[PDB]
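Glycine gets a Cβ as well: all are built from the backbone with ideal geometry, and neighbour counts include every protein chain shown. None of the figures in this text is laboratory data; all of them are computed from the coordinates on show.
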Amino acid sequence: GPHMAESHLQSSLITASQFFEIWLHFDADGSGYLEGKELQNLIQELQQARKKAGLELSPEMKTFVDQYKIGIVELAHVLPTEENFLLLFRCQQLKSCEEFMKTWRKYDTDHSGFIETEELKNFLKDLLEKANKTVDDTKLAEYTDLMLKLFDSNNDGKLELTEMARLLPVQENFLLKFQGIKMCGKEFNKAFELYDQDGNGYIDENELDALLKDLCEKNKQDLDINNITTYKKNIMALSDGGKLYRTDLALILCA
Ligand SMILES: [Ca+2]
Ligand SMILES: [Ca+2]
Ligand SMILES: [Ca+2]
Ligand SMILES: [Ca+2]
């Protein structure tokens, strides 16, 4: 359990289940990030643990302690995480927002608007096979279960776009700025109808640009008109060949 983290920080190599217990030990509010007292507790306990183990700090541990709000992905690279689990965070599909949006569309194969366990399993299996690793069904089931528990913020047993997007670095995750912009179904449906200006049933890139300019204007504290081109490019990656249907735009704007 999370109490075992003190023992885990002394390990030569940390299993995915151990990394999960470390995360839950320090993340006292379950917010998905270590900050303030939680981060200070990690810095103190990581150094005390390697000392108790009679070990030196690895180069990544030295660089982390020297330069310290950090998330789950950053912690996985600092610690001696087991190889096949750490490989799941060294994907260009989780480093570029545009490539992550294409990955979401690729792996939501039942068009449910969520990534369910079996879809997440297929994504992780494909990442491992791309790295030439032979997948063991038991460990893959364990990795999938732990990745879901780490990122399923609302505990509904599946991932929504904003949950899985937290695998991205803070700078690429534009969805953090769209948090308080999300609308209910009725209001969203009214906006979709307004912004489909030619009335052909979908929103194209020119129509999305008008939408994004209007959203920037009404949410000055959250969005930035100078990043419209990036917002446009990220959102167009969820489209069906340049066509944003109601369910595609709902992923970004509907609560
Ligand atoms: Ca926290
Ligand atoms: Ca799905
Ligand atoms: Ca969820
Ligand atoms: Ca249209």
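Brief remarks on what is shown
Per-residue answers, yes or no, for (1) over 22 Å from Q18 (Cα atoms); (2) within 16 Å of ligand 1 (Cβ to nearest atom):
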site	(1), (2)
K69	no, yes
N84	no, no
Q92	yes, no
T103	yes, no
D137	no, no
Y143	no, no
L150	no, yes
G157	no, no
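- One residue stands out among those in the range 182-200 that are closer than 23 Å to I225 by Cα, surrounded by fewer than 16 Cβ atoms within 10 Å (Cβ to Cβ) and not charged (D, E, K, R): the one that is farthest from ligand 1 (Cβ to nearest atom), which is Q197.
- For the range 191-204, the condition holds for no residue, the condition being that it is outside any loop (DSSP other than H, G, I, E, B) and under 25 Å from the mean Cα position of the chain (by Cα).
- Here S96 does not fit the description of being away from ligand 4 (no atom under 16 Å from the Cβ), more than 15 Å from the chain's Cα centre (by Cα) and of a type in the set (S, T, Y).
- Residue count, the range 61-111 (criterion: surrounded by fewer than 16 Cβ atoms within 10 Å (Cβ to Cβ), among the polar types (S, T, N, Q) and over 14 Å from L168 (Cβ atoms)): 3
- Condition met for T138 (more than 29 Å from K233 (Cα to Cα) and within 16 Å of ligand 2 (Cβ to nearest atom)): no
- Top-ranked residue in the range 27-56 [being farther than 23 Å from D152 by Cβ and in a loop (DSSP other than H, G, I, E, B); ranked as nearest to ligand 4 (Cβ to nearest atom)]: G36
- The set of residues in the range 29-75 being within 16 Å of ligand 3 (Cβ to nearest atom) and of a type in the set (V, I, T) consists of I72 alone.
- When restricted to residues that are of a type in the set (S, T, Y), out of contact with any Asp or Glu (no Cβ under 9 Å at 6 or more places or on another chain) and not in a loop (DSSP other than H, G, I, E, B), the range 124-161 contains 2.
- Looking across the range 87-114, just one residue is β-branched (V, I, T) and in a helix (DSSP H, G or I), and that is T103.
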